[PDB]
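Structural characterization, general
For reference, the chains in residue letters:
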Amino acid sequence: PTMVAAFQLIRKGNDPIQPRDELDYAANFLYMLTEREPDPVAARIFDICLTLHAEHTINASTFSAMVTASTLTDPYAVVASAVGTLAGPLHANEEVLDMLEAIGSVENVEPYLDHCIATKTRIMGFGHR
Amino acid sequence: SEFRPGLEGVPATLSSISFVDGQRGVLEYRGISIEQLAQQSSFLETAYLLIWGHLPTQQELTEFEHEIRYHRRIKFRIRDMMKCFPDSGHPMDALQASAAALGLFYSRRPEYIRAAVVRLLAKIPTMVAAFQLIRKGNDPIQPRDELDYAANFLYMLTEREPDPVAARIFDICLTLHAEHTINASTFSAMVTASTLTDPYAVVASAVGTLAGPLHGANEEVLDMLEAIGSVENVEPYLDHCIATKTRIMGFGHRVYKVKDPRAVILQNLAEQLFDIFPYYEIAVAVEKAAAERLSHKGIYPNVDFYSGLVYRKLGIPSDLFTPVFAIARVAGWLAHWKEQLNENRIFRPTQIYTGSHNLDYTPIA
Amino acid sequence: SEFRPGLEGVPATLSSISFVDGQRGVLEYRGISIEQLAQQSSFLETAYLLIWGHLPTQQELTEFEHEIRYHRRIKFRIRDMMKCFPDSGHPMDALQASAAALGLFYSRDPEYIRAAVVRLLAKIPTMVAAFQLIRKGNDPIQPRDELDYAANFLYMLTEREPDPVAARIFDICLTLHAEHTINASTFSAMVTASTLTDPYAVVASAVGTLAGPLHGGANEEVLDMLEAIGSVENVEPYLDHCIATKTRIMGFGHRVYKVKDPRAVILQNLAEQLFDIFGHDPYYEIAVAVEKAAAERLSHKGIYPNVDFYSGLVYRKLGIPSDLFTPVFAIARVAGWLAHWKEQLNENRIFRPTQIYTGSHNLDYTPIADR
Amino acid sequence: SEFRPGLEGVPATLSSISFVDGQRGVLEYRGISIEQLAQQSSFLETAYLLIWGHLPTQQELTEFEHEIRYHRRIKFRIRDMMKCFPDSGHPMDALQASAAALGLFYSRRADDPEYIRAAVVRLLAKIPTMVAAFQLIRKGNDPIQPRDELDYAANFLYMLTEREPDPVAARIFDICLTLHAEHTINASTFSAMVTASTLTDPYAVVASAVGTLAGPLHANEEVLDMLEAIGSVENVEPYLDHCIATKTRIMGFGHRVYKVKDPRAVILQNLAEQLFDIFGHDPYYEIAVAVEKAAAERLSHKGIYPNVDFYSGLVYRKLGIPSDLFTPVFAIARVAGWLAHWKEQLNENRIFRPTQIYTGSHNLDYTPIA
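Conventions adopted
- Numbering of residues starts from 1 on every chain and follows the order in which that chain's sequence is written, so it may differ from the entry's own numbering; residues lacking coordinates are left out.
- The lettering of chains begins at A and the numbering of ligands begins at 1, in the order of writing.
- A larger assembly contains the chains shown, yet all values here describe just the shown part.
- As a rule here, side-chain values come from all non-hydrogen atoms in the structure, and water together with hydrogens is ignored.
- Residues with missing side-chain atoms are left out of burial classes, side-chain pairs and their counts.
- In DSSP terms, a helix is any run of H or I states spanning at least four residues, a strand is any run of E spanning at least two, and both are numbered starting from the N terminus.
- Here the globule rule reads 2.2 Å times residues to the power 0.38, and the radius of gyration is calculated from C-alpha atoms.
- Only protein chains enter the accessibility calculation, which uses a 1.4 Å probe. A residue is then buried if its area is under 20% of the maximum for its type, exposed if over 50%, and partly exposed in between.
- Two residues qualify as a contact provided that any one of their heavy atoms is within 4.5 Å of a heavy atom in the partner residue.
- The pocket and cavity definitions rest on a 1 Å grid over protein atoms only: a 1.4 Å probe that fits but cannot leave marks a cavity, an open set with protein on both sides within 12 Å along at least five of seven lines marks a pocket, and residues lining either have an atom within 4 Å of a point.
- Grid points are joined across faces, edges and corners, and a volume is the space filled by probe spheres set on the points.
- Residues are grouped as follows: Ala, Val, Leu, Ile, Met, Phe, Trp, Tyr, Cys and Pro are nonpolar; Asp, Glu, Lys and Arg are charged; every other residue, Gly included, is polar.

As summarised from the PDB record, the model derives from cryo-EM at a stated resolution of 3.93 Å.

Quick notes on the overall build of chain A
Looking only at helices and strands, chain A has seven helices and zero strands in total. Tracing chain A from N to C terminus, the helices and strands come up as α-α-α-α-α-α-α. Here the C-alpha atoms of chain A give a radius of gyration of 20 Å, more than 25% beyond the 14 Å that 2.2 N^0.38 yields for 129 residues. Across its three principal axes, chain A shows a C-alpha extent of roughly 50 × 45 × 30 Å.

Re helix α9 (residues 187-196) of chain D
Among the residues of α9(D), those classed as buried are D:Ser188, D:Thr189, D:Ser191, D:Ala192, D:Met193 and D:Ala196. Where α9(D) is buried, its residues touch α10 (202-213) and α16 (326-346) of chain D.

Here's the deal with empty space enclosed by the protein
Put simply, the largest cavity is a space of about 210 Å³. Breaking the lining of the largest cavity down by element, the ones donating at least two residues are α11 (220-230) and α14 (283-299) of chain D. With five residues, the top contributor of residues to the lining of the largest cavity is α11(D). Across the lining of the largest cavity, the residue classes break down as 12 nonpolar, two polar and one charged. Quantified by volume, the second largest cavity comes out at close to 140 Å³. Along the wall of the second largest cavity there are 14 residues; nearest its centre are C:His254, C:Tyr257, C:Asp261, C:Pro305 and C:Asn306. Residues that form the lining of the second largest cavity fall into these classes: six nonpolar, four polar and four charged.

Some points on the side chain of A:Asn28
Residues and elements named next belong to chain A. Within the secondary structure layout, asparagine 28 lies in helix α2 (residues 25-34). A relative accessible area of 14% places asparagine 28 in the buried class. The residues contacting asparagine 28, other than those within four sequence positions of it, are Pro19, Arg20 and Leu23.

Next up, the structure:
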């Protein structure tokens, strides 16, 4: 978390912020990312979101991590390979937000329905495989 | 009425920012009295009045202050660049270099009228304080988000929180110099902005051409006040300077001769500052002696004679007397650039040739 | 009484450097014809003539060349600073910033009329070449001490030693733009130097003024128009569209010269020679096609191609990036600016123009509680 | 050294006939509230007050009204001259030409009490007859002789339309005229005053004023045209999109100096709604109400309000008047202010002769044939 927050600050040309040894985990990450101290309710919501996103079944990234770790070299290379293979093509939820912004108000609902009907393809952001 | 050496008295442009009157000694910003404006207004309100031409309401002023405070932070790339500057340089040259480098990060080019001015009004004091600290040797100090503009500048410079009275006195002293009649620096800025390139270049040119010979009057007046000796030595050196046919600096303005309001108001603020918080007694003694002993030549102490004292008391290095004046004048420079952006006159004075014609180039000389 | 709107005709100063008259098509440096001078002279001789006003001797020219060669090395601090510069910016802004920074290293009696000019004339080409190399990520190249001035500049820019004929052509092109009449950049330099501060601030302000509006140049827009023309067949439609809209077609027709200014014809001849000795390419073919299709009817109203139209093609064939056009002009422009500053150093009188106030009078401030 | 651009904010004259507030929305004729005069005062009383400055007496008012009625007859030579006019000429140009030609038949230029009263009464009386006659001629119809029994506005309406109107409509027209009687100094008033400075004659002054009054391409008519173009309320959204995108002040809404709900607008809309409830409501008036409501619901925060021109055009259209006659109605309404300014300027004699700033070349040479 410290590394990713530091790079996020650097990408905008801002000096990295030293972490605090008093706040909670999610609270510390949010403070490092935004410099603004958040409410404990938001910190708890972020923590439970992380813990529900903690782990899933075997997928491509987990399989790559396991096959790399099979030779028991070191965890750092394994996690590096896993995060490298995690990135999808052109680097879904962000695309969902972009599509939502593109749609705008509810006056443009019908073209979306027409497109989804005509394409005969699973609309992204809806349903699981 | 075509040719006149020095280009003196020839009108240049339909300016609508500053007004002057030698016979009455008045001064107005958008037709508002200088004394009344300085009495009950802040620096940001004065800058808004000089730029947009109309006083701001509550929400406009709050938004302007919020944007100023948000954008007052300085990108670390500028700090890294200024780390490489040599320690033997001069503050104004470094300020010009920084203002020129700022153009790289914000080239860009309907909203390109308000972001540039707020960024350029916010970042200059931080950069100049950072270079002062770097020349001294210590690392820069990040700005706060609670202090006032003058208070924030003082905290950045002398790493100490100033009293609210000192902050107010510095704010009024800064807004006193916020604008003046067209002069060399303002005319050069107007010429540069006639081509409508960008604010970051016209401001750089203006701060470059603002440097006087030998790299203002504050340093020389402070040097002469320090070198005058004691109270009993006021007469000898003063009469020596009178006899040597040398004009006495710090007195006798070219245009104003009726005790211009800036000088008297700055003297009043200096008097009210000194009592609540050496230089004071000797300065008042020498100025009183000069005033009582000349009494005929229209000799009056101008603004700088007391501006130097008010800067020295507040804890500012002697060399830094020029960058604060540049910070004050940048508001007027931006106002002139905004006004001239519409004209699109494209100045192009034609010279007159006074040489020879139809010579030959000899292969051997 | 009288008021000229923008100093359009008021005489600025008693200029004695150059003189231009459109009636006879004469452009003289120190009263010397441009074509005859450029026929058998180099850039250094022209610069010395512009600076001092008299042709030097062989020994003095050799000493000046030796001093120029000796002062080509760039300080490593400036290289580090440019390594700390961004990349998305434009080269001219970086050049202006570097010129402003140059004053920090050198500051502070008779000798301080000769060292400044030579240092400023020598460092700027290597500086812009180093920034160009840094912009693409490549390291700067240390200059050589055996090549010629144009050869050294080409070696810095393209790391390939060019033919002597190409170096001569580049030198001729540089000395062609050596100095022109007073304009916005020259007047800004003059007014900055009127306070006799230092050549560095003057050249920085002048370079800042020279920056074209919207960060563009005449050569850049000429090349853009040529690309927008497309193939050879599409020459007529675009030309007749430009004629119909009553808009001055770029690269055709100057403002002061209507009698076939010698710079245009001499640069056209140089371009012809350079394009004929080297590869022809389609650039020259399309340029000839469009220039003929324009001039076959524009000659009625006295419209002729100007210098920049040929200069852009010459620079393109020479192997120079498009964005670097402005600094190349700036080299000759600072060469001229140093002469204007030297002329201005004699008379000490700053420009102090007045103004006519067009605003209100005797208003009053209103507290926030009412407005 | 001062030089204002456009001669703005310069005390051209010391006028005492009209006053405006600019902050409280007050309008005063001779220092009298506009609403007070508009409540229970006729057009002739307002004109007399503007001309003389003191409220008339009953006998004086009756004498002035009888004099006005007696001079309503137009010379047949004027009709014969207007006969030769083309049928394409816009009405205001013909009105200016007729006003200028009136000076030929009256060249007193010297009793003195007569040449302060006869000229002004004739100029105030003959203009409506002239404009109505040209309106009839433009359509190829024989001019109608005026009647010496109806009221001023009633007589004008009868001459224009040949149909006798109701007294309520006549009163509404009269109060509209009296609220349009005079305003502050503007371009037309300034031109009239500068022409009258040399105290030649009122006819030339009024001719110049009506000539300079005509705008480019000869606002309220444009407002009506735009309203007709919009049609029903189904086309409101493209209008809002256009107004948002253009970033320009929509014509017919708001005033240059009045952003405080100008007093004339509310009075005029009250008169309009009174007329429309008395004489029934037509669909286009309801369309106007709908579009003005849909505008004010969004433009209120920016300080944009419907202007008097819109309501004036609406009421004129509802009264049965051609669109091209809007400008002559404004001219006949305003003709009191020009006469008042001429009368007040006649007391003094200060010829206007400002200087100029020369921005040209100072000396050149004359090419013989080159």
